[PDB]
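Shown next as structure tokens: one chain only, the form solved without the ligand.
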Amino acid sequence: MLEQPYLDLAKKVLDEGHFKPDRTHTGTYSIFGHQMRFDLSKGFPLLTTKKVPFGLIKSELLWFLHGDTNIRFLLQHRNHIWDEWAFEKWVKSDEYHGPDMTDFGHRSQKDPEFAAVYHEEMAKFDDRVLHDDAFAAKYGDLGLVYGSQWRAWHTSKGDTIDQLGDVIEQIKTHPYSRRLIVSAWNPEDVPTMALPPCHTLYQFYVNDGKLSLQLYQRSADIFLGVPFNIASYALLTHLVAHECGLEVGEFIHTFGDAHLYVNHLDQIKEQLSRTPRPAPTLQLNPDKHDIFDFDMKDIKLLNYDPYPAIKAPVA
């Protein structure tokens, strides 16, 4: 069944994982080193064993593909995956004259109404970003995010390299290249910043007139993360394939540390007693071929009949 390499990872982490005290200790089971393959000709590897929001995914991949870094795009799509980040830096100094929130991702988890403060304060911020150009520009731009380092790497000599656009230029002239590699890792930014990338490095490849893609992800959350990630890059594999006129091969997900957090073993345990269903067909716009000029309504997904989504808390 298409998503089984998923399910197998978590079976592995569960009974082969190691405990690491490593958060704020908190706990994890973690394996170092794992490839996993998906044949993208069988289906779209959106997990059927719990409902996953494909639109939070195809929006987030369209931000990346537009070279975007400002929050505002996403919040114009009901997409709240990046908020936390920007809001933190908002609640840092100035206009911010309101209720401090150090460790709000904990005080707002070990709360009751420390949740409503944050959730009004965030209601607020998200609205500031939405309408105050002025504001948006300053706080909603996160600056170093994936779309930034995919499409505009700052080079020592002053320019900006569209690292993806050039690799897409070599798929079409040099399909047999062994260097079709985009990095999001920058040695010097890496230690200043909040979130050194998980989705560290990717290489494409061509044979048989089909595109296969390989991701090196450095840290992973089996429960809450990996189901969403499989789809971002399985979609990337389909639109680059789509634009370079080739067919979709395979998506290979390689992990350095994979880990399940301890508060997720319950859910992941229950998910596992379910039985994967025939997976959705992905299907994109022929009349449109400009992928950096794609919008929402041109990637369509059909026949995703999941099981119920499982709520879990993030750790």
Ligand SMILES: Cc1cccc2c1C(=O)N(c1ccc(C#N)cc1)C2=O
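Note that residue numbering follows the sequence shown and begins at 1. Here, rigid core means the biggest group of C-alpha atoms that superpose within 1.5 Å across both forms.
The discussion below concerns the form deposited with the ligand bound, not included here.
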Pocket accessibility when the ligand, as posed in the deposited bound form, is superimposed onto this form, judged at 2.4 Å from backbone or C-beta: open
Residue 68 within 4.5 Å of the ligand in the deposited bound form, heavy atoms: no
Heavy atom of residue 169 within 4.5 Å of the ligand in the deposited bound form: no
4.5 Å heavy atom contact, residue 60 and the ligand in the deposited bound form: yes
Proximity of residue 184 to the ligand in the deposited bound form, heavy atoms at 4.5 Å: no
Partner-proximal stretch of 218-226, 239-247, 205-213, 161-169 relative to the ligand in the deposited bound form, 4.5 angstroms, heavy atom: 218-226
Listed residue that, although the ligand is not shown, lies within 4.5 Å of it in the deposited bound form (heavy atoms), from 132, 111, 84, 189: 84
Residue 297 C-alpha shift between this form and the one not shown of 2 Å or more, rigid core reference: no
